């Protein structure tokens, strides 16, 4: 019933930009905590950017600071990841994850979307 759907991936040239979107149904992002994850070739999945529940503070992995921006659009119940100045090292499967509003083991996860930087 709860669905996170990602879009906005594909192939881009180094130096370009992409916007990832994460659209939820059966669930409202609200002020819940959420994050964007990525799994690069040969690597474990790692957290790239997130928003806290408490105080709605954005945070970023050092490797993306100053280049990526997370934003939340309550009217659209959609969270975005704006990726600027993309590097080949950014190539990966990107995932969004959101905290459920009530008690639960586990988050809600999108399906993942491929971002390839040439």
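Numbering follows the first chain given and starts at 1.
Looking at mean Cα B-factors across 18-26 and 95-103, the upper value is held by 95-103. Compared with the other modelled residues of the chain, the Cα B-factor recorded for residue 74 ranks in the highest third.
In the deposited entry, the Cα temperature factor of residue 87 sits in the top third of values across the chain's modelled residues.
Ranked by Cα temperature factor within the chain, residue 57 sits in the highest third according to the deposited record. The deposited CA B-factor of residue 116 belongs to the middle third of values across its chain. In this PDB entry, the Cα temperature factor of residue 31 sits in the top third of its chain's modelled residues, the highest group.
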